[PDB]
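Next comes my_file_6.txt, a file with compact mmCIF, C-alpha atoms and all ligand atoms.
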# COMPACT_ATOMS: atom_id res chain seq x y z
CA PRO B 442 -21.02 3.69 1.78
CA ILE B 443 -21.61 0.97 -0.81
CA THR B 444 -19.71 -2.32 -1.50
CA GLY B 445 -19.34 -3.53 -5.07
CA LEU B 446 -19.30 -7.18 -6.11
CA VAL B 447 -18.25 -8.67 -9.44
CA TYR B 448 -18.94 -12.29 -10.47
CA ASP B 449 -19.56 -13.80 -13.89
CA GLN B 450 -20.31 -17.48 -14.41
CA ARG B 451 -18.41 -17.35 -17.75
CA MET B 452 -15.20 -17.59 -15.71
CA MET B 453 -16.21 -21.17 -14.91
CA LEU B 454 -15.46 -22.19 -18.50
CA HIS B 455 -11.67 -22.47 -18.00
CA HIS B 456 -11.14 -26.12 -17.10
CA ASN B 457 -8.70 -29.00 -17.02
CA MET B 458 -9.75 -31.46 -19.74
CA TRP B 459 -7.29 -34.16 -18.57
CA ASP B 460 -8.00 -34.06 -14.83
CA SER B 461 -11.50 -32.87 -13.93
CA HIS B 462 -10.58 -33.11 -10.23
CA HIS B 463 -7.63 -30.67 -10.50
CA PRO B 464 -8.04 -28.34 -7.47
CA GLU B 465 -8.31 -25.07 -9.48
CA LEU B 466 -11.97 -25.94 -10.14
CA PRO B 467 -14.67 -24.00 -12.00
CA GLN B 468 -16.80 -24.50 -8.85
CA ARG B 469 -14.45 -22.37 -6.73
CA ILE B 470 -16.17 -19.20 -7.91
CA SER B 471 -19.74 -20.54 -8.07
CA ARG B 472 -19.45 -21.92 -4.52
CA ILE B 473 -18.19 -18.57 -3.20
CA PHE B 474 -20.97 -16.72 -5.06
CA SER B 475 -23.63 -19.14 -3.74
CA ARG B 476 -22.41 -18.65 -0.16
CA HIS B 477 -22.74 -14.86 -0.58
CA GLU B 478 -26.38 -15.46 -1.63
CA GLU B 479 -27.07 -17.86 1.26
CA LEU B 480 -25.67 -15.36 3.78
CA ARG B 481 -27.75 -12.56 2.20
CA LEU B 482 -24.62 -10.55 1.38
CA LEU B 483 -25.19 -10.46 -2.36
CA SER B 484 -28.40 -8.39 -2.11
CA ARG B 485 -26.49 -5.85 0.03
CA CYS B 486 -23.84 -5.21 -2.65
CA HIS B 487 -23.88 -3.11 -5.83
CA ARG B 488 -23.31 -5.53 -8.72
CA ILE B 489 -20.45 -4.43 -11.00
CA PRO B 490 -20.41 -6.06 -14.46
CA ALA B 491 -17.51 -8.14 -15.73
CA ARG B 492 -15.84 -7.13 -18.97
CA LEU B 493 -12.92 -8.31 -21.04
CA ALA B 494 -9.56 -6.67 -20.47
CA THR B 495 -8.24 -5.29 -23.75
CA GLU B 496 -4.89 -6.39 -25.12
CA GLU B 497 -3.61 -2.83 -24.61
CA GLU B 498 -4.57 -3.14 -20.92
CA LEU B 499 -2.74 -6.49 -20.70
CA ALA B 500 0.33 -4.72 -22.11
CA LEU B 501 0.45 -2.58 -18.94
CA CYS B 502 2.30 -5.51 -17.35
CA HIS B 503 2.81 -8.22 -20.02
CA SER B 504 4.89 -8.60 -23.19
CA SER B 505 3.22 -8.74 -26.58
CA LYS B 506 4.73 -12.19 -27.13
CA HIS B 507 3.19 -13.57 -23.93
CA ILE B 508 -0.24 -12.08 -24.68
CA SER B 509 -0.23 -13.46 -28.22
CA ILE B 510 0.92 -16.96 -27.15
CA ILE B 511 -1.90 -17.24 -24.62
CA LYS B 512 -4.37 -15.83 -27.15
CA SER B 513 -3.21 -18.49 -29.68
CA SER B 514 -4.62 -21.22 -27.36
CA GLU B 515 -8.24 -20.25 -28.18
CA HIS B 516 -8.37 -22.50 -31.26
CA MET B 517 -5.90 -25.25 -30.27
CA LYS B 518 -6.64 -28.95 -30.32
CA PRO B 519 -6.12 -30.89 -27.06
CA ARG B 520 -2.61 -32.11 -27.93
CA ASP B 521 -1.48 -28.56 -28.59
CA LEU B 522 -3.10 -27.21 -25.42
CA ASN B 523 -1.21 -29.87 -23.46
CA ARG B 524 2.09 -29.00 -25.13
CA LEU B 525 1.61 -25.26 -24.55
CA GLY B 526 0.57 -25.68 -20.90
CA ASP B 527 3.60 -27.90 -20.30
CA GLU B 528 5.94 -25.04 -21.36
CA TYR B 529 5.09 -23.43 -18.02
CA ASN B 530 5.37 -24.35 -14.35
CA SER B 531 1.96 -25.71 -13.26
CA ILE B 532 -0.43 -24.53 -15.98
CA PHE B 533 -3.39 -26.22 -17.69
CA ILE B 534 -5.14 -24.61 -20.66
CA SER B 535 -8.50 -25.04 -22.40
CA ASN B 536 -9.93 -23.11 -25.38
CA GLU B 537 -11.81 -20.89 -22.87
CA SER B 538 -8.77 -20.00 -20.73
CA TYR B 539 -7.76 -16.82 -22.50
CA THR B 540 -11.33 -15.37 -22.32
CA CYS B 541 -11.63 -16.27 -18.67
CA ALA B 542 -8.28 -14.60 -17.84
CA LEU B 543 -9.46 -11.50 -19.72
CA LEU B 544 -12.73 -11.48 -17.77
CA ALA B 545 -10.93 -11.84 -14.43
CA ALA B 546 -8.75 -8.80 -15.23
CA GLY B 547 -11.51 -6.63 -16.74
CA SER B 548 -13.80 -7.38 -13.76
CA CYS B 549 -11.09 -6.00 -11.49
CA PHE B 550 -10.56 -2.92 -13.69
CA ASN B 551 -14.29 -2.18 -13.51
CA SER B 552 -14.16 -2.61 -9.73
CA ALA B 553 -11.15 -0.30 -9.35
CA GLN B 554 -12.89 2.23 -11.59
CA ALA B 555 -16.06 2.03 -9.46
CA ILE B 556 -14.00 2.76 -6.33
CA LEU B 557 -11.92 5.57 -7.86
CA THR B 558 -14.94 7.33 -9.40
CA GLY B 559 -16.78 7.17 -6.03
CA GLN B 560 -19.55 4.80 -7.13
CA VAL B 561 -18.63 2.35 -4.37
CA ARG B 562 -16.34 2.61 -1.33
CA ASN B 563 -14.88 -0.90 -1.59
CA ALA B 564 -15.43 -4.07 -3.61
CA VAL B 565 -14.93 -7.80 -3.94
CA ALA B 566 -14.05 -9.68 -7.14
CA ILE B 567 -14.94 -13.38 -7.31
CA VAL B 568 -12.73 -14.25 -10.27
CA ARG B 569 -10.65 -17.08 -11.79
CA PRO B 570 -8.12 -18.04 -13.09
CA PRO B 571 -5.84 -16.40 -10.50
CA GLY B 572 -3.09 -13.87 -11.26
CA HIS B 573 -0.24 -13.41 -8.80
CA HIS B 574 2.23 -15.99 -10.17
CA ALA B 575 2.02 -14.59 -13.72
CA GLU B 576 5.14 -12.75 -14.83
CA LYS B 577 5.64 -10.10 -17.56
CA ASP B 578 6.76 -12.69 -20.08
CA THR B 579 5.22 -16.13 -18.74
CA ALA B 580 2.31 -17.92 -17.17
CA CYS B 581 2.83 -19.86 -13.93
CA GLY B 582 1.01 -21.58 -11.12
CA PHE B 583 -2.54 -21.50 -12.54
CA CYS B 584 -2.11 -17.82 -13.53
CA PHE B 585 -2.01 -16.37 -17.08
CA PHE B 586 -2.05 -12.62 -16.54
CA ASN B 587 -1.34 -10.81 -13.30
CA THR B 588 -4.78 -9.47 -12.46
CA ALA B 589 -3.77 -7.57 -9.29
CA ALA B 590 -0.65 -6.02 -10.90
CA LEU B 591 -2.68 -5.02 -13.96
CA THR B 592 -5.34 -3.50 -11.72
CA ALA B 593 -2.71 -1.34 -9.98
CA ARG B 594 -1.44 -0.12 -13.37
CA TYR B 595 -5.00 0.39 -14.64
CA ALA B 596 -5.74 2.52 -11.56
CA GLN B 597 -2.61 4.60 -12.23
CA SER B 598 -3.72 4.99 -15.89
CA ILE B 599 -6.98 6.76 -14.85
CA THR B 600 -5.46 8.89 -12.07
CA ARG B 601 -1.67 9.42 -12.13
CA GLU B 602 1.43 7.35 -12.66
CA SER B 603 2.49 7.87 -9.01
CA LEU B 604 -0.85 6.85 -7.42
CA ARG B 605 0.14 4.97 -4.25
CA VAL B 606 -1.23 1.43 -4.44
CA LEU B 607 -0.73 -1.11 -1.65
CA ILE B 608 -1.02 -4.77 -2.68
CA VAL B 609 -1.41 -7.09 0.33
CA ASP B 610 -1.05 -10.70 -0.79
CA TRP B 611 -2.33 -13.14 1.83
CA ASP B 612 -2.51 -16.17 -0.48
CA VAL B 613 -0.33 -18.88 1.16
CA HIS B 614 2.08 -18.71 -1.85
CA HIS B 615 4.49 -15.92 -2.71
CA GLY B 616 3.21 -13.71 -5.57
CA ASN B 617 6.46 -13.95 -7.47
CA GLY B 618 4.93 -12.23 -10.54
CA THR B 619 3.64 -9.27 -8.53
CA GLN B 620 6.98 -8.84 -6.73
CA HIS B 621 8.89 -8.85 -10.03
CA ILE B 622 6.53 -6.49 -11.84
CA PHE B 623 6.88 -3.86 -9.07
CA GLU B 624 10.42 -4.58 -7.85
CA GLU B 625 11.81 -1.18 -8.89
CA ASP B 626 8.64 0.75 -8.18
CA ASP B 627 8.02 3.01 -5.13
CA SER B 628 4.42 3.72 -6.26
CA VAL B 629 3.28 0.15 -5.57
CA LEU B 630 4.06 -1.30 -2.14
CA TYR B 631 3.91 -5.12 -2.30
CA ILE B 632 3.46 -6.95 1.01
CA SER B 633 3.25 -10.76 0.86
CA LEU B 634 2.78 -13.25 3.68
CA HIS B 635 3.58 -16.77 2.48
CA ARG B 636 4.74 -20.19 3.41
CA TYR B 637 8.41 -20.47 2.45
CA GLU B 638 10.11 -23.39 4.26
CA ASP B 639 13.58 -22.19 3.19
CA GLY B 640 12.57 -22.64 -0.48
CA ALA B 641 10.83 -26.02 -0.15
CA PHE B 642 7.36 -24.52 -0.67
CA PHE B 643 6.02 -23.54 -4.15
CA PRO B 644 7.17 -21.54 -6.10
CA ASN B 645 10.53 -22.74 -4.64
CA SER B 646 12.58 -19.56 -5.07
CA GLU B 647 14.73 -17.52 -2.69
CA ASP B 648 13.03 -14.47 -4.29
CA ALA B 649 10.39 -14.99 -1.55
CA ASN B 650 12.78 -14.47 1.38
CA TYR B 651 12.65 -11.52 3.78
CA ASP B 652 15.87 -9.98 2.49
CA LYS B 653 14.27 -9.15 -0.90
CA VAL B 654 13.29 -5.59 0.01
CA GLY B 655 13.06 -4.02 -3.47
CA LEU B 656 15.53 -2.58 -5.94
CA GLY B 657 16.66 0.89 -6.95
CA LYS B 658 13.93 3.49 -6.36
CA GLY B 659 11.78 0.57 -5.15
CA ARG B 660 14.11 -0.27 -2.30
CA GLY B 661 11.92 -0.69 0.83
CA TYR B 662 8.75 -1.18 -1.23
CA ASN B 663 8.75 -5.00 -1.29
CA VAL B 664 7.94 -6.72 2.02
CA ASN B 665 8.14 -10.52 2.17
CA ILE B 666 6.95 -12.22 5.36
CA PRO B 667 8.09 -15.85 4.92
CA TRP B 668 6.89 -18.63 7.19
CA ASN B 669 9.05 -21.61 8.09
CA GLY B 670 8.44 -24.59 10.35
CA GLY B 671 4.97 -25.90 9.48
CA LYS B 672 1.35 -24.93 10.32
CA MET B 673 0.59 -21.22 11.02
CA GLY B 674 -2.80 -19.72 11.85
CA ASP B 675 -4.67 -16.73 13.19
CA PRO B 676 -2.16 -15.85 15.96
CA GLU B 677 0.76 -15.58 13.50
CA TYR B 678 -1.24 -13.66 10.87
CA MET B 679 -2.61 -11.23 13.47
CA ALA B 680 0.94 -10.68 14.82
CA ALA B 681 2.33 -10.08 11.32
CA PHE B 682 -0.42 -7.51 10.68
CA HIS B 683 0.16 -5.85 14.07
CA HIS B 684 3.96 -5.61 13.82
CA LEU B 685 4.57 -5.31 10.06
CA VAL B 686 1.68 -4.94 7.63
CA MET B 687 -0.30 -2.18 9.34
CA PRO B 688 2.59 0.03 10.53
CA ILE B 689 4.24 -0.05 7.11
CA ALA B 690 0.94 0.46 5.29
CA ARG B 691 0.01 3.50 7.43
CA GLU B 692 3.42 5.03 6.78
CA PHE B 693 3.07 4.43 3.02
CA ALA B 694 -0.39 6.07 3.08
CA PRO B 695 -1.90 4.21 0.12
CA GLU B 696 -4.55 5.78 -2.06
CA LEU B 697 -5.92 2.33 -3.06
CA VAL B 698 -5.55 -1.10 -1.43
CA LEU B 699 -5.70 -4.26 -3.50
CA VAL B 700 -5.83 -7.59 -1.70
CA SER B 701 -4.45 -10.63 -3.54
CA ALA B 702 -6.88 -12.67 -1.48
CA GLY B 703 -6.06 -16.31 -1.86
CA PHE B 704 -7.76 -18.50 0.72
CA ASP B 705 -5.24 -21.34 0.58
CA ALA B 706 -3.85 -20.41 4.03
CA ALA B 707 -7.30 -21.42 5.35
CA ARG B 708 -8.06 -24.21 7.76
CA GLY B 709 -8.94 -27.20 5.60
CA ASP B 710 -6.86 -26.32 2.51
CA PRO B 711 -5.11 -29.42 1.16
CA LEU B 712 -2.23 -27.49 -0.39
CA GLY B 713 -1.51 -24.75 2.13
CA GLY B 714 -1.33 -26.73 5.37
CA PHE B 715 -2.27 -23.65 7.46
CA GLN B 716 -5.12 -22.90 9.85
CA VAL B 717 -6.34 -19.32 9.22
CA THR B 718 -10.02 -19.21 10.16
CA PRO B 719 -12.89 -17.29 8.51
CA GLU B 720 -12.92 -15.00 11.56
CA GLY B 721 -9.17 -14.47 11.08
CA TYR B 722 -9.72 -13.32 7.47
CA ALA B 723 -12.51 -11.01 8.71
CA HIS B 724 -10.08 -9.35 11.14
CA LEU B 725 -7.42 -8.93 8.45
CA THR B 726 -10.00 -7.30 6.16
CA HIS B 727 -11.28 -5.03 8.90
CA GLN B 728 -7.73 -3.80 9.58
CA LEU B 729 -7.10 -3.03 5.90
CA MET B 730 -10.37 -1.02 5.77
CA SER B 731 -8.66 1.57 8.00
CA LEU B 732 -6.35 2.47 5.07
CA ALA B 733 -6.88 4.58 1.95
CA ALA B 734 -10.16 6.07 3.29
CA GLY B 735 -11.60 2.55 3.00
CA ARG B 736 -10.73 2.11 -0.72
CA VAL B 737 -10.14 -1.68 -0.70
CA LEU B 738 -10.62 -4.16 -3.55
CA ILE B 739 -10.46 -7.86 -2.55
CA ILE B 740 -9.41 -10.05 -5.51
CA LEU B 741 -9.68 -13.86 -5.32
CA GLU B 742 -6.34 -15.69 -5.91
CA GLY B 743 -5.93 -19.33 -4.76
CA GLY B 744 -7.75 -21.43 -2.20
CA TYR B 745 -8.88 -24.98 -2.83
CA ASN B 746 -11.19 -26.20 -0.05
CA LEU B 747 -14.58 -25.17 -1.45
CA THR B 748 -16.24 -24.83 1.94
CA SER B 749 -13.25 -22.96 3.45
CA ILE B 750 -12.93 -20.43 0.65
CA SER B 751 -16.67 -19.80 0.51
CA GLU B 752 -16.92 -19.07 4.24
CA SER B 753 -13.68 -17.08 4.31
CA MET B 754 -14.27 -14.78 1.34
CA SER B 755 -17.89 -14.23 2.49
CA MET B 756 -16.62 -13.06 5.91
CA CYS B 757 -14.39 -10.58 4.12
CA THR B 758 -17.38 -9.18 2.18
CA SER B 759 -19.36 -8.94 5.44
CA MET B 760 -16.54 -6.77 6.80
CA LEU B 761 -16.51 -4.57 3.70
CA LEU B 762 -20.27 -4.05 4.18
CA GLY B 763 -19.59 -2.67 7.67
CA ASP B 764 -20.61 -5.65 9.84
CA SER B 765 -18.97 -5.88 13.24
CA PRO B 766 -15.89 -8.17 13.38
CA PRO B 767 -16.55 -11.64 14.87
CA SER B 768 -14.96 -12.76 18.12
CA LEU B 769 -11.45 -14.12 17.70
CA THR B 773 -2.33 -18.28 21.44
CA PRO B 774 1.43 -17.42 21.83
CA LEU B 775 3.16 -17.64 18.45
CA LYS B 776 5.16 -20.49 17.16
CA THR B 777 8.85 -19.82 17.77
CA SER B 778 9.69 -19.86 14.09
CA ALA B 779 6.95 -17.24 13.44
CA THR B 780 8.54 -14.89 15.98
CA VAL B 781 11.87 -15.47 14.19
CA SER B 782 10.28 -14.66 10.79
CA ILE B 783 8.64 -11.47 12.04
CA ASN B 784 11.89 -10.31 13.65
CA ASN B 785 13.84 -11.00 10.45
CA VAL B 786 11.41 -8.84 8.47
CA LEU B 787 11.53 -6.09 11.11
CA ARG B 788 15.30 -5.98 10.89
CA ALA B 789 15.21 -5.99 7.06
CA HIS B 790 12.72 -3.11 6.87
CA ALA B 791 13.63 -0.84 9.79
CA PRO B 792 16.11 1.07 7.56
CA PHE B 793 13.18 2.10 5.33
CA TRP B 794 10.17 2.46 7.64
CA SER B 795 10.38 4.61 10.77
CA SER B 796 7.29 2.92 12.19
CA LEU B 797 9.39 -0.24 12.72
CA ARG B 798 12.01 1.44 14.89
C1 LIG H 1 4.11 -29.90 -5.67
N1 LIG H 1 3.22 -29.28 -4.71
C2 LIG H 1 3.33 -27.82 -4.84
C3 LIG H 1 2.91 -27.36 -6.23
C4 LIG H 1 1.67 -28.09 -6.61
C5 LIG H 1 1.20 -29.21 -6.01
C6 LIG H 1 -0.03 -29.57 -6.63
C7 LIG H 1 -0.96 -30.59 -6.45
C8 LIG H 1 -2.06 -30.61 -7.28
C9 LIG H 1 -2.23 -29.67 -8.29
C10 LIG H 1 -1.34 -28.65 -8.48
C11 LIG H 1 -0.24 -28.61 -7.63
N2 LIG H 1 0.81 -27.72 -7.60
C12 LIG H 1 0.99 -26.52 -8.39
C13 LIG H 1 0.31 -25.32 -7.76
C14 LIG H 1 0.49 -24.09 -8.38
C15 LIG H 1 -0.12 -22.96 -7.89
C16 LIG H 1 -0.90 -23.02 -6.75
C17 LIG H 1 -1.60 -21.75 -6.40
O1 LIG H 1 -1.83 -20.87 -7.25
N3 LIG H 1 -2.12 -21.73 -5.18
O2 LIG H 1 -2.89 -20.66 -4.78
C18 LIG H 1 -1.08 -24.24 -6.12
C19 LIG H 1 -0.47 -25.37 -6.61
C20 LIG H 1 1.87 -29.84 -4.85
K K H 2 1.21 -14.30 -0.44
K K H 3 7.43 -2.40 -5.06
K K H 4 18.37 -6.52 4.33
NA NA H 5 -14.64 0.81 -18.95
ZN ZN H 6 -1.78 -19.90 -3.62

Now that the file is in, can you turn its structure into structure tokens?
Ligand SMILES: CN1CCc2c(c3ccccc3n2Cc2ccc(C(=O)NO)cc2)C1
Ligand SMILES: [K+]
Ligand SMILES: [K+]
Ligand SMILES: [K+]
Ligand code: NA
Ligand SMILES: [Zn+2]
Amino acid sequence: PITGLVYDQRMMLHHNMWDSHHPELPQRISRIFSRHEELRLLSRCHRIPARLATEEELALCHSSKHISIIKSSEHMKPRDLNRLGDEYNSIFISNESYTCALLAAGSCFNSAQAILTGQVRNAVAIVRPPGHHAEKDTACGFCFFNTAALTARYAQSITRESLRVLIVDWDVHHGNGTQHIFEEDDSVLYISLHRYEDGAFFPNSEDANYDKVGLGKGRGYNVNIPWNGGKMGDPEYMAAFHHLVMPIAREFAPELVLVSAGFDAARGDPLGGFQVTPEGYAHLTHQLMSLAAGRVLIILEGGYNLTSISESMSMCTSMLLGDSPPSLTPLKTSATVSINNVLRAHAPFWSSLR
């Protein structure tokens, strides 16, 4: 009946030397950590130490070439960091980036280990840079290595290959890297909710549409819930959880739940354009706690309004600690259309949807 928390100020060292106001700020993690202190949540958690991921652990999901290229940035001059970062879609690199990415992943491995060895019931990881856009062979969208995907494979490496891991990705963006890593895998159920706008929203691929249901033995094990038609908020997220996320998750019966917990769908986020409230995130967390005997690890992804992310992630930790959920309209038409499209796509695979 204990909640773990991992945070290490060393992850602040990754920075954008050309644009100090770039939204993926060092202060994202320190602001969230400070809010946990202010709300007296930190003293209620068991502190789990950060560690570096090893290169062998990175190789659970990533190619040796990709690992070595990112590692090579540790001693690069500015011009070379710029050139390397520009090889990718939406990446900046500093000499500290590789270490920080290692720390984000190893923090999550230690948290998964703490849950699976029974030291804690659940945990929260206040980490950066984020992970879910990183692919086997490339960095993308602020992400170097796919922390959540690696954590699922790490968990399987200390239990069994077929350990059932649910990844719920509520960052406003599609976790293209996570989808691809697990596309043929029935051991890892990936469920993403994301703004899509028929491909107009980053990362601008039809891979994020509802008809991408998985491949081969993984068919049915990839659930994309794509939003179209502008601002969505608590009503739409609650409805998606009620009709899709929770029924599928219960049927899958995960043994571990990882949350790719971006807070860029939050009210106030300049990039997401959505209105999910801190109370909304608390309710989503509380629902997920009903799965996997409560074995839930919340991993920070995106989220760029410092006040919004600090309040939102803190509310999630309050839920993990067992606090009562806070008090919480009809859906937008396009949201009903999205949910129905996903229901039709997934009813062949999940009896709970029929
Ligand atoms: C072109 N628009 C979409 C893409 C984009 C925009 C943007 C603005 C500032 C910095 C990065 C930006 N990016 C790249 C970008 C990449 C990843 C993420 C992300 O990881 N969000 O959680 C957020 C933004 C605006
Ligand atoms: K998502
Ligand atoms: K999958
Ligand atoms: K289909
Ligand atoms: Na260890
Ligand atoms: Zn995002």

Contacts of residue 617 (chain B) at 12 Å (all atoms listed in the file; same-chain gap of 3+ positions) as a PDB file with C-alpha atoms, in the coordinates of the input:
ATOM      1  CA  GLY B 572      -3.090 -13.870 -11.260  1.00  0.00           C
ATOM      2  CA  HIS B 573      -0.240 -13.410  -8.800  1.00  0.00           C
ATOM      3  CA  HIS B 574       2.230 -15.990 -10.170  1.00  0.00           C
ATOM      4  CA  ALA B 575       2.020 -14.590 -13.720  1.00  0.00           C
ATOM      5  CA  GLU B 576       5.140 -12.750 -14.830  1.00  0.00           C
ATOM      6  CA  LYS B 577       5.640 -10.100 -17.560  1.00  0.00           C
ATOM      7  CA  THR B 579       5.220 -16.130 -18.740  1.00  0.00           C
ATOM      8  CA  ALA B 580       2.310 -17.920 -17.170  1.00  0.00           C
ATOM      9  CA  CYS B 581       2.830 -19.860 -13.930  1.00  0.00           C
ATOM     10  CA  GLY B 582       1.010 -21.580 -11.120  1.00  0.00           C
ATOM     11  CA  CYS B 584      -2.110 -17.820 -13.530  1.00  0.00           C
ATOM     12  CA  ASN B 587      -1.340 -10.810 -13.300  1.00  0.00           C
ATOM     13  CA  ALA B 590      -0.650  -6.020 -10.900  1.00  0.00           C
ATOM     14  CA  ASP B 610      -1.050 -10.700  -0.790  1.00  0.00           C
ATOM     15  CA  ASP B 612      -2.510 -16.170  -0.480  1.00  0.00           C
ATOM     16  CA  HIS B 614       2.080 -18.710  -1.850  1.00  0.00           C
ATOM     17  CA  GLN B 620       6.980  -8.840  -6.730  1.00  0.00           C
ATOM     18  CA  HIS B 621       8.890  -8.850 -10.030  1.00  0.00           C
ATOM     19  CA  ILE B 622       6.530  -6.490 -11.840  1.00  0.00           C
ATOM     20  CA  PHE B 623       6.880  -3.860  -9.070  1.00  0.00           C
ATOM     21  CA  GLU B 624      10.420  -4.580  -7.850  1.00  0.00           C
ATOM     22  CA  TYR B 631       3.910  -5.120  -2.300  1.00  0.00           C
ATOM     23  CA  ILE B 632       3.460  -6.950   1.010  1.00  0.00           C
ATOM     24  CA  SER B 633       3.250 -10.760   0.860  1.00  0.00           C
ATOM     25  CA  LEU B 634       2.780 -13.250   3.680  1.00  0.00           C
ATOM     26  CA  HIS B 635       3.580 -16.770   2.480  1.00  0.00           C
ATOM     27  CA  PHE B 643       6.020 -23.540  -4.150  1.00  0.00           C
ATOM     28  CA  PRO B 644       7.170 -21.540  -6.100  1.00  0.00           C
ATOM     29  CA  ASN B 645      10.530 -22.740  -4.640  1.00  0.00           C
ATOM     30  CA  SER B 646      12.580 -19.560  -5.070  1.00  0.00           C
ATOM     31  CA  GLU B 647      14.730 -17.520  -2.690  1.00  0.00           C
ATOM     32  CA  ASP B 648      13.030 -14.470  -4.290  1.00  0.00           C
ATOM     33  CA  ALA B 649      10.390 -14.990  -1.550  1.00  0.00           C
ATOM     34  CA  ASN B 650      12.780 -14.470   1.380  1.00  0.00           C
ATOM     35  CA  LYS B 653      14.270  -9.150  -0.900  1.00  0.00           C
ATOM     36  CA  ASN B 663       8.750  -5.000  -1.290  1.00  0.00           C
ATOM     37  CA  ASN B 665       8.140 -10.520   2.170  1.00  0.00           C
TER      38      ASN B 665
END

* To do: Dump the neighbourhood of ligand LIG 1 (chain H) as a PyMOL selection string: all residues within 10 Å, distances computed on only C-alpha atoms and all ligand atoms.
  => chain B and resi 460+462-465+530-533+570-575+581-584+612-616+641-645+702-706+711-713+741-745

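Taking CA of residue 773 (chain B) as the reference point, CA of residue 676 (chain B) is found at 6.0 Å.
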
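Restricting the calculation to all atoms listed in the file, the smallest distance between residue 586 (chain B) and any of B:503, B:456, B:636, B:660 is found for B:503.
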
Nearby residues (all atoms listed in the file) at most 10 Å from residue 559 (chain B), same-chain spacing under 4 positions excluded, as a PDB file with C-alpha atoms, in the coordinates of the input:
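Below you can see out-v7.pdb, which holds the result:
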ATOM      1  CA  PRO B 442     -21.020   3.690   1.780  1.00  0.00           C
ATOM      2  CA  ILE B 443     -21.610   0.970  -0.810  1.00  0.00           C
ATOM      3  CA  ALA B 553     -11.150  -0.300  -9.350  1.00  0.00           C
ATOM      4  CA  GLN B 554     -12.890   2.230 -11.590  1.00  0.00           C
ATOM      5  CA  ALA B 555     -16.060   2.030  -9.460  1.00  0.00           C
ATOM      6  CA  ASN B 563     -14.880  -0.900  -1.590  1.00  0.00           C
ATOM      7  CA  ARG B 736     -10.730   2.110  -0.720  1.00  0.00           C
TER       8      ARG B 736
END

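Distances here use only C-alpha atoms; by that measure, the residue among B:685, B:723, B:679, B:446 closest to residue 562 (chain B) is B:446.
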
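For the pair atom K of ligand K 3 (chain H) and CA of residue 607 (chain B), the interatomic distance is 8.9 Å.
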
Closest pair table for chain B residues within 10 Å of ligand NA 5 (chain H), only C-alpha atoms and all ligand atoms, as CSV:
residue,atom,partner,partner_atom,distance
B:491,CA,H:NA5,NA,9.9
B:492,CA,H:NA5,NA,8.0
B:493,CA,H:NA5,NA,9.5
B:494,CA,H:NA5,NA,9.2
B:547,CA,H:NA5,NA,8.4
B:548,CA,H:NA5,NA,9.7
B:550,CA,H:NA5,NA,7.6
B:551,CA,H:NA5,NA,6.2
B:552,CA,H:NA5,NA,9.8
B:554,CA,H:NA5,NA,7.7
B:555,CA,H:NA5,NA,9.7

* All residues 6 Å or closer to region 775-786 of chain B, only C-alpha atoms, same chain fewer than 2 positions away omitted, as a PyMOL selection string -> chain B and resi 651+677+788-789

Could you pull region 600-610 of chain B out of the structure just shown and give N, CA and C atoms as a PDB file, in the first residue's frame?
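Saved the output as result_0.pdb:
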ATOM      1  N   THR B 600      10.434 -11.083 -15.556  1.00  0.00           N
ATOM      2  CA  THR B 600       9.280 -11.926 -15.248  1.00  0.00           C
ATOM      3  C   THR B 600       9.187 -12.985 -16.350  1.00  0.00           C
ATOM      4  N   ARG B 601       8.457 -12.708 -17.425  1.00  0.00           N
ATOM      5  CA  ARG B 601       8.406 -13.598 -18.571  1.00  0.00           C
ATOM      6  C   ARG B 601       8.122 -12.797 -19.809  1.00  0.00           C
ATOM      7  N   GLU B 602       8.541 -13.353 -20.943  1.00  0.00           N
ATOM      8  CA  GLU B 602       8.374 -12.704 -22.227  1.00  0.00           C
ATOM      9  C   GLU B 602       6.918 -12.294 -22.481  1.00  0.00           C
ATOM     10  N   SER B 603       5.975 -13.143 -22.070  1.00  0.00           N
ATOM     11  CA  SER B 603       4.545 -12.931 -22.325  1.00  0.00           C
ATOM     12  C   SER B 603       3.816 -12.139 -21.246  1.00  0.00           C
ATOM     13  N   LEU B 604       4.530 -11.554 -20.281  1.00  0.00           N
ATOM     14  CA  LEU B 604       3.882 -10.688 -19.284  1.00  0.00           C
ATOM     15  C   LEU B 604       2.987  -9.671 -19.985  1.00  0.00           C
ATOM     16  N   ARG B 605       1.724  -9.596 -19.562  1.00  0.00           N
ATOM     17  CA  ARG B 605       0.749  -8.714 -20.224  1.00  0.00           C
ATOM     18  C   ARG B 605       0.910  -7.296 -19.699  1.00  0.00           C
ATOM     19  N   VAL B 606       1.391  -6.412 -20.564  1.00  0.00           N
ATOM     20  CA  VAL B 606       1.577  -5.008 -20.193  1.00  0.00           C
ATOM     21  C   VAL B 606       0.611  -4.157 -20.999  1.00  0.00           C
ATOM     22  N   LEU B 607      -0.192  -3.341 -20.311  1.00  0.00           N
ATOM     23  CA  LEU B 607      -1.014  -2.333 -20.973  1.00  0.00           C
ATOM     24  C   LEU B 607      -0.251  -1.024 -20.926  1.00  0.00           C
ATOM     25  N   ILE B 608      -0.113  -0.369 -22.081  1.00  0.00           N
ATOM     26  CA  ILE B 608       0.376   1.020 -22.142  1.00  0.00           C
ATOM     27  C   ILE B 608      -0.798   1.902 -22.546  1.00  0.00           C
ATOM     28  N   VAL B 609      -1.211   2.798 -21.652  1.00  0.00           N
ATOM     29  CA  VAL B 609      -2.241   3.799 -21.985  1.00  0.00           C
ATOM     30  C   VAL B 609      -1.500   5.105 -22.197  1.00  0.00           C
ATOM     31  N   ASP B 610      -1.668   5.692 -23.368  1.00  0.00           N
ATOM     32  CA  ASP B 610      -0.914   6.894 -23.749  1.00  0.00           C
ATOM     33  C   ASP B 610      -1.922   8.025 -23.908  1.00  0.00           C
TER      34      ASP B 610
END
